[PDB]
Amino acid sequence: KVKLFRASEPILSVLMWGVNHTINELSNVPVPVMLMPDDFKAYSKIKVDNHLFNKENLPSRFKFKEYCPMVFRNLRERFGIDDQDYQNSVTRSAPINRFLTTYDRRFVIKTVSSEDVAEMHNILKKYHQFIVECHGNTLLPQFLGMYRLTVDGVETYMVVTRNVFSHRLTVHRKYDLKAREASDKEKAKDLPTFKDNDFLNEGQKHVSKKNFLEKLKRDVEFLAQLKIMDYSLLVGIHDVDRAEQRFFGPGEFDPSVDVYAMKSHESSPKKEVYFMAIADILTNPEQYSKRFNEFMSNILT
């Protein structure tokens, strides 16, 4: 129960130290009756300078900045994520291999750019109000936190989302969906990221579609009102039988944790679990929406 912050790179240690520090600080901050406009222009900044102290895993000097901590904490709640669990997932052991997941595979940690953080600030109020209005049920990425790490004078920005894939069920094939297809090198990768054409070709498909579609619609409409585009539908495929070849039954999962998961219908060829959510809304659009919205509807049932 002693949290060393041991990690491969020091920046990951700082991240671990950071999430720990801020989540603890928040536990002393009252949950407010509503977010306020300043909450969206707020930050926490902490600077550490430790001389001859506690430098076994942490750098002696580093900065850690959390953007809009009241907003992201509310988002956490609206996504049904407990702060202490969020903290544990980041903090209990180093994140694993810019794109990481927490060791328990529940949360993804993505390095991003100055402008991305700008774009997020740009959409945050609306994104929030929408998560409110849609009562949390949505295929959009779920933003759990956003941070700036300063290590060795270098700034690094990170965004934490909920993993689209199960944290336990092994994924057997990945499709990026918006003309485009998979490259040789990639087609020669342990887990290849296929694209639209490799899908219609593979005749790949089997369900929920009614509620997935009415959900996905509202989303893309939202992304249009924000004049965003060029984003994909990440689709995951877990082949139950394959995985099979004191128990953890095949195709078994906690829908409250693997939030994007749907089991295959009865009349489905091979028993599968699907993972689907919208990814990368951060960086004709009004048409991208209607186009995207239908290319997807043709991959269900």
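In case it trips you up, residue 1 is the first one in the sequence shown, and so on.
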- Message: Going by the PDB record, how many residues of the deposited sequence fall between residue 178 and residue 179 without any coordinates: none, 1 to 3, 4 to 9, or 10 or more?
- Response: 4 to 9
- Unresolved deposited positions lying between residue 169 and residue 170 come to none
- Note on the structure: Higher of the two mean Cα B-factors (136-144, 211-219; per PDB record) comes from 211-219
- With respect to the recorded C-alpha B factors, which stretch has the higher mean value, 99-107 or 192-200? 192-200
- Item | Highest-ranked of 66, 56, 244, 258 once sorted by CA temperature factor in the record | 244
- Task: Pick out which of 160, 124, 131, 182 has the highest C-alpha B-factor in the PDB entry.
- Result: 182
- Task: Using the B-factor values recorded in the entry, state whether the Cα atom of residue 248 falls in the lowest, middle or highest third among the modelled residues of its chain.
- Result: highest
- Query: By its CA B factor, does residue 229 count among the lowest, middle or highest third of the modelled residues in the chain?
  - Reply: highest
- Query: Relative to the other modelled residues in the chain, which third contains the C-alpha temperature factor of residue 286: lowest, middle or highest?
  - Reply: highest
- Place residue 48 in the lowest, middle or highest third of its chain's C-alpha B-factors, as listed in the PDB entry. lowest
- Message: Based on the deposited C-alpha B factors for this chain, I'd like to know if residue 254 is in the lowest, middle or highest third.
- Response: middle
